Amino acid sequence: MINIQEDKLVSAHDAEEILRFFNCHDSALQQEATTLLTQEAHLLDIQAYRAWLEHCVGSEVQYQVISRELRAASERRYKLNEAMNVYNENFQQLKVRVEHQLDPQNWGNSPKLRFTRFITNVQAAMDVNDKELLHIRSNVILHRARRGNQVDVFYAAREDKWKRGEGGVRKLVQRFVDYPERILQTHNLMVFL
């Protein structure tokens, strides 16, 4: 419904994603998506990272978080790599990160970290071409507290694809986040958004 020639600030990508949700609205899918994401966030908040991989993450996953370079709104000639990958993980790479979290020589995890996730603005729509692919959009606030007085708060929109896998369980097959802050003021981005 958006025309990006008129709505000058809107990217083609964003206009495409909008279109998926404004058409076929199914209140039931929205509810299923809310449950999936709330359960995922609970597992992550209690640091059940193995459980998260087992129950929420698909074997063919791409888990991607980008940082886009600041360019002029009117830029048209400079064509070099627009973004870097903070995360661009397959299942094995996620597993490595999970093992790193769980290793008892991960000194930064003692004392235990505290995570609290807030998931909002859930939207869900089935893919037009692949009847088994569910598109889910949601926003997250992630609060990380450690070592008495360190507090880091992360904010992001997540563009996901979820598909039924082993046992008929819907699992994450793609997560894409375009991280909104260019220069991070949270010490690192070592959290699963």
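Residues carry their position along the shown sequence, with the first being 1. Rigid core: the largest C-alpha set superposing within 1.5 Å between the two forms.
- Core superposition of the other structures onto this form places the C-alphas of 126 to 134 farther off in 8 other deposited structures of this protein than those of the other stretch among 140 to 148 and 126 to 134.
- Taken in 8 other deposited structures of this protein and fitted on the core, 66 to 74 and 164 to 172 differ in how far their Cα atoms move from the shown form, and the one that moves more is 164 to 172.
- Higher mean CA B-factor, judged across 174 to 182 and 18 to 26 from the recorded values: 18 to 26.
- Relative to its counterpart among 163 to 171 and 42 to 50, 163 to 171 has the higher mean temperature factor, C-alpha atoms as listed in the PDB entry.
- Of the candidates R117, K112, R97, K79, it is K79 whose Cα B-factor is highest according to the PDB record.
- Residue set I136, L36, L70, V128: peak C-alpha B-factor at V128 (per PDB entry).
- Ranked within its chain, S59 lands in the highest third, by CA B factor from the PDB record.
- Looking at the C-alpha B-factors along this chain, the one for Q31 belongs to the highest third.
- For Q93, the recorded CA B-factor ranks within the middle third of the chain. Only modelled residues enter the ranking.
- Among all modelled residues in its chain, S74 ranks in the highest third by Cα B-factor.
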